[PDB]
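Asks: My structure is below; once you've seen it, I'll send some questions.
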Amino acid sequence: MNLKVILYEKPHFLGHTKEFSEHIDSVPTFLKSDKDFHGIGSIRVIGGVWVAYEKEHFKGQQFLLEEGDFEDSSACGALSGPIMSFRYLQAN
């Protein structure tokens with residue numbers, strides 16, 4: 001699988017970005033740099049099938065994110081609040 005997710009600071013793919021191609025157990029640890037942003041305004045899933053979670057370590061309410069462009073909460077319900085971890089999914 002080609003995995004890639006881009007997180008954007010602001011809705012509609014604006015502001016600074018973060019990129020990943022692996023499980024993110026902790027969004028806070030992932031965004032801990034002073035040159036980063038906090039809170040995710042929009043998401044592009046470039047490759048792979050992912051679960052976004054309310055809490056760290058893949059806990060709390062789950063949202064399914066497949067490949068697509070998610071400009072705001074109307075596009076993706078996950079964006080209507082904090083996302084604290086991401087896990088990619090894998091078939092055999």
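Okay, so the sequence shown: first residue is 1 according to PDB author numbering, each after it adds one.
Beta carbons are placed, not taken as given, at the ideal position from N, Cα and C, and that holds for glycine.
Would you be able to state if there are at least three C-beta pairs under 8 Å between the stretch 20 to 32 and the stretch 66 to 78?
Replies: No, because fewer than three Cβ pairs between the stretch 66 to 78 and the stretch 20 to 32 fall closer than 8 Å, the two stretches do not touch.
Asks: How would you label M1, buried or exposed, when you count the other beta carbons within 10 angstroms and need 16 or more for buried?
Replies: The residue in question, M1, is exposed, as its Cβ has fewer than 16 Cβ neighbours within 10 Å.
Asks: Pop quiz: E66 and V49 are said to be a contact at Cβ under 8 Å. What is the actual Cβ separation, rounded to whole angstroms?
Replies: Sure, about 5 Å apart at Cβ, within 8 Å.
Asks: Among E9, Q61, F58 and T17, which has the Cα closest to the Cα of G39?
Replies: Among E9, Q61, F58 and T17, the Cα nearest to that of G39 belongs to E9.
Asks: Check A52 in the structure and name its three-state DSSP category.
Replies: Strand.
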